[PDB]
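So I pulled this structure from the PDB, and the sequence comes with it:
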Number of protein chains: 2
Amino acid sequence: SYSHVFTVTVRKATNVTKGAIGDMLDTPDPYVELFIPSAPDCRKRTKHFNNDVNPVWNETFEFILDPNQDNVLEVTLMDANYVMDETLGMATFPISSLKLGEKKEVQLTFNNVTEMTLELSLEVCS
Amino acid sequence: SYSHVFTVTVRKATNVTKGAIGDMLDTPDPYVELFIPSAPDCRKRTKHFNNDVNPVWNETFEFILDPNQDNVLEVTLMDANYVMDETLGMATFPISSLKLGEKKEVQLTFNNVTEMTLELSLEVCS
Ligand SMILES: [Ca+2]
Ligand SMILES: [Ca+2]
Ligand SMILES: [Ca+2]
Ligand SMILES: [Ca+2]
Ligand SMILES: [Ca+2]
Ligand SMILES: [Ca+2]
Ligand SMILES: [Mg+2]
């Protein structure tokens, strides 16, 4: 049964970059995408901001999790385009590291120089 | 005598622009400069953020004011460069519109499309 509520708040990122050459062509237009393969709603995403290497989203998402399935959070940092969007990086979070009732601020890192702040919590359905 | 403490918190700006052509050449690298000609320290400024059209500064400044002088706040939105920095816009605030003990959130506008959030307060010296 799916009985665990996994809340993810994507707060902000700092120094988003496509690389030296990539940034010269196009200032990153970042959004974040959240993916849990084991969850019933697999994929979610934040809005994008144009031309902002330190975007602030403060968007909150809720997943419904099965405690008996392997649940892993995939966080993808994206650059929006008119053409096809570009994947800048990906970081994973083992949700099995959290414990019920726990709320935690997690900082992820992309391409060594980019950081992202998340706030993760886990509760029962009620 | 200088006996009024005028506190200014520059919080953030949204959609900073140098214009259509200017933005294509250079994504704004914004900072804010504060100027009160009648104050003993005339000029102050925030740090800049590279390539960020929605910068967040949250920097607090303190001016000392003479209640018998005309005190007007000049807010200049700047773009940082290696060369000479460029002036994007200027907005004024009559400090004689504030009351002692009053604390107020003010939103300024530059070039019709750029907004800036300030937090202004006025107290007497302790
Ligand atoms: Ca651009
Ligand atoms: Ca861009
Ligand atoms: Ca883009
Ligand atoms: Ca640039
Ligand atoms: Ca720039
Ligand atoms: Ca600049
Ligand atoms: Mg920003």
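Now that the structure is in, tell me what you want to look at. Residues are numbered from 1 along each chain as shown, chains lettered A, B, ... in the order given. Ligands and ions are numbered 1, 2, ... in the order given.

so is residue A:83 in a helix, a strand, or just coil?
coil (DSSP: H, G, I helix; E, B strand; the rest coil).

Counting neighbours, what do you get for it?
Residue A:83 sits with 5 neighbouring residues when counted by other CB atoms under 10 Å in any protein chain shown. C-betas here are computed from N, CA, C, even on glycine.

dump the residue contacts of it.
By CB atoms under 8 Å, 6 or more residues apart in numbering or on different chains, no residues touch residue A:83.

Over to the one 3 residues further on?
The neighbours of residue A:86, taking CB under 8 Å, 6+ apart as the test, are A:18, A:78, A:79.

give me that answer again for 7 Å
Residue A:86 makes contact with A:18, A:79 under the criterion CB atoms under 7 Å, 6 or more residues apart in numbering or on different chains.

where's it relative to residue A:17, distance?
12 Å (CB to CB, to the nearest Å).

and what of residue A:57?
17 Å.

same check, this time on residue A:64
Residue A:64 is 34 Å from residue A:17, by CB to CB.

more neighbours, those two?
residue A:17 (21 against 15).

I'd guessed the more buried one sits against residue A:112; true?
No: counting by CB atoms under 7 Å, residue A:17 does not reach residue A:112; the two are 9.7 Å apart.

which parts of stretch A:59-67 are buried?
By 16 or more other CB atoms under 10 Å in any protein chain shown, the buried positions in stretch A:59-67 come out as A:59, A:63, A:65.

The first one sits in which helix or strand?
Looking back up the chat, that one is residue A:59. strand A:56-65 (DSSP states H and E).

Residue A:23 too?
helix A:20-25.

hmm, who's touching that helix?
residue A:17.

so, in contact with ligand 2 or not, it?
No: shown here: helix A:20-25 not in contact with ligand 2 (CB under 5 Å from the ion), separated by at least 8.8 Å.

export that helix as PDB, just CAs?
What follows is helix A:20-25, C-alpha atoms only, in PDB (Å, rounded to 0.1, in the frame of the first residue of the first chain):
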ATOM      1  CA  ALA A  20      32.100  28.500 -19.900                       C
ATOM      2  CA  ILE A  21      31.200  28.300 -23.500                       C
ATOM      3  CA  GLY A  22      27.500  27.400 -22.900                       C
ATOM      4  CA  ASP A  23      27.000  30.400 -20.700                       C
ATOM      5  CA  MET A  24      28.500  32.700 -23.300                       C
ATOM      6  CA  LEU A  25      25.900  31.500 -25.800                       C
END
